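See below for the structure under consideration.
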Amino acid sequence: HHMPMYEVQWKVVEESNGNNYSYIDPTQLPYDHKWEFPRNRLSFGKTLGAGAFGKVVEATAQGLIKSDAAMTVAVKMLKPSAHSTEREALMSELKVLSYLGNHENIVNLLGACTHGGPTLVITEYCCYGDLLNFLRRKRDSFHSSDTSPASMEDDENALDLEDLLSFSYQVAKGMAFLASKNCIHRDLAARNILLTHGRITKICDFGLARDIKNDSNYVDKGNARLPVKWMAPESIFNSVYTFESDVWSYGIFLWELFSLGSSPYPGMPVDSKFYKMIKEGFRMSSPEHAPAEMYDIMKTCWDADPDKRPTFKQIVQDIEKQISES
Ligand SMILES: FC(F)(F)c1ccc(CNc2ccc(Cc3c[nH]c4ncccc34)cn2)cc1
């Protein structure tokens, strides 16, 4: 198994020579056994996602948070047909999670089971599932400002511009947190963002629990399956990944978000023509529902020069003001 064929692995970077950064080997990170949780105290429910070798299942965990209470969690784990490369990747994912620490806008580590049988990674459960398919289900229910509640069927569960601005803010905040821990996601997209109580968005990565070969958003390119339409030119062409290439992806996410889950670059299949156009400076237009200042963020996320892209910290400050001004 070449792991790039099955998932896009996030990376933690460290200072190298001069002003360069190098990837940390995640197997080198420690696993803090404070996270260890008794396997027997889990009760498995429905599958939330599965790929060739991995799955995520909804579970009930006894006494995870309060000694006397059960709580709903999501557990990531491997199928028995998985190879040692996948087993390593999952421990490595747990190590990075242990390293990162906690944030409101990421899917958080709650516990792990690492001895006896297969590695189980216990994370927060998000009741509304992935943001992409939520937007798509809610698309025809988008409520314009100053339109009557009676115009919608279930207006209390509809979607409006304040929701979209909120999601954009929350995702920027989670990515600012990642960048602050020297972490590069490398697969930011609406499919890797979840929605939960209070309409809180949490970044994640289904990873090995995604059927990647059947998701046409990943393209075979080299010895990998890559989310090309989300990727910065320097990542596609030179395999260079930085905090600024995550920013490009974030711009693409914003496009999906304000288009209510439409697919990026419609009428442009990934092929040599696609790559030529991206190099020449083709960029997507404003989505229907995107405010002009949000479209302005998009355009800057897609600067060919990574230095001219905003940082996540700037994006947060920018959207904060947009929300306040409304
Ligand atoms: F935002 C971070 F921190 F970058 C980040 C956090 C976590 C990961 C990967 N771990 C996992 C674990 C389970 C899942 C699926 C998942 C978790 N909670 C759910 N709730 C409902 C449906 C699916 C799910 C996704 N990623 C990858 C990135």
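Numbering starts at 1 and runs along the sequence shown. Both counts, for ligands and for their atoms, begin at 1 and track the order of listing. Excluded from the calculations below are hydrogen atoms, water molecules and symmetry mates; all remaining heavy atoms, backbone and side chain alike, are included.
- Atom numbering of ligand 1 starts at 1 in the shown order; those under 4.0 Å from a heavy atom of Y125 are 20 (N), 21 (C).
- With a heavy-atom cut-off of 4.0 Å, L178 touches ligand 1 through its side chain alone.
- In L48, the part holding a heavy atom less than 4.0 Å from any atom of ligand 1 is the side chain.
- Around the CD atom of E15, the shell of radius 6.0 Å holds no more than 12 heavy atoms that belong to other residues, nucleotides or ligands.
- Closest approach of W255 and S285 over heavy atoms only: NE1-O, 3.2 Å.
- Under 4.0 angstrom from ligand 1, the non-hydrogen atoms of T123 all belong to its side chain.
- Using the six-membered ring where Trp is involved, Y295 and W302 have ring planes that are perpendicular, over 60° apart on the 30 and 60° scheme.
- Between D205 and ligand 1, at least one pair of N/O atoms sits closer than 3.5 Å.
- Each of the following atoms of ligand 1 lies closer than 4.0 Å to a heavy atom of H185: 4 (F).
- If you look at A74 next to ligand 1, the close heavy atoms, those under 4.0 Å, all belong to the side chain.
- Near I106, the atoms of ligand 1 lying under 4.0 angstrom from a non-hydrogen atom of the residue are 1 (F), 3 (F).
- The local environment of NZ in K213 is sparse, with at most 12 non-hydrogen atoms from other residues, nucleotides or ligands closer than 6.0 Å.
- A salt bridge does not link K321 to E293: none of the charged nitrogens lies less than 4.0 Å from a carboxylate oxygen.
- The closest non-hydrogen atom to atom 23 (C) of ligand 1, taken over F206, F177, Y128, comes from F206.
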* Check the pair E93 / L109 against side-chain contact (heavy atoms from CB on, under 4.5 Å), numbers first and verdict last. => CA-CA 10 Å; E93 176 174 327; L109 177 61; over 6 Å; no
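- Of the polar atoms of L100, none of the N or O atoms is found under 3.5 Å from an N or O of ligand 1, judged by distance alone.
- Counted within 6.0 Å of OH on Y275, heavy atoms from surrounding residues, nucleotides or ligands total more than 12; the atom is thus considered enclosed.
- Ionic pairing of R309 and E234 is present here: one or more N-O contacts between side-chain nitrogen and carboxylate oxygen are shorter than 4.0 angstrom.
- Atom 6 (C) of ligand 1 has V107 O, 3.6 Å as its closest protein atom, hydrogens excluded (heavy atom only).
- Across all non-hydrogen atoms, the minimal contact from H185 to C204 is NE2-O, 2.8 Å.
- With 3.5 Å as the limit, one finds a donor-acceptor pair spanning the side chains of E36 and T114.
- Contact annotation for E124 and ligand 1: only backbone heavy atoms (N, CA, C, O) come within less than 4.0 Å of the ligand.
- Taking the six-membered ring where the residue is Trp, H1 and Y6 present tilted rings, their angle falling between 30° and 60°.
- When each of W10, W230, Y218 is checked for a side-chain hydrogen bond (donor to acceptor under 3.5 Å, both in side chains) with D187, only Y218 meets the rule.
- Taking only nitrogen or oxygen atoms, main chain and side chain alike, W10 does not reach within less than 3.5 Å of ligand 1.
- Atom 20 (N) of ligand 1 has as its closest protein heavy atom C126 N, 2.9 Å.
- The proximity of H103 to ligand 1, defined as any non-hydrogen pair under 4.0 Å, does not occur for either the backbone or the side chain.
- The protein atom (non-hydrogen) at minimum distance from atom 14 (C) of ligand 1 is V56 CG2, 4.1 Å.
- Among protein heavy atoms, the minimum distance from atom 12 (C) of ligand 1 is reached at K76 CE, 3.7 Å.
- Looking only at protein heavy atoms, the nearest one to atom 10 (N) of ligand 1 is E93 OE2, 3.1 Å.
- The side chain of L194, and not its backbone, has at least one atom closer than 4.0 Å to an atom of ligand 1 (non-hydrogen atoms only; side chain from C-beta on).
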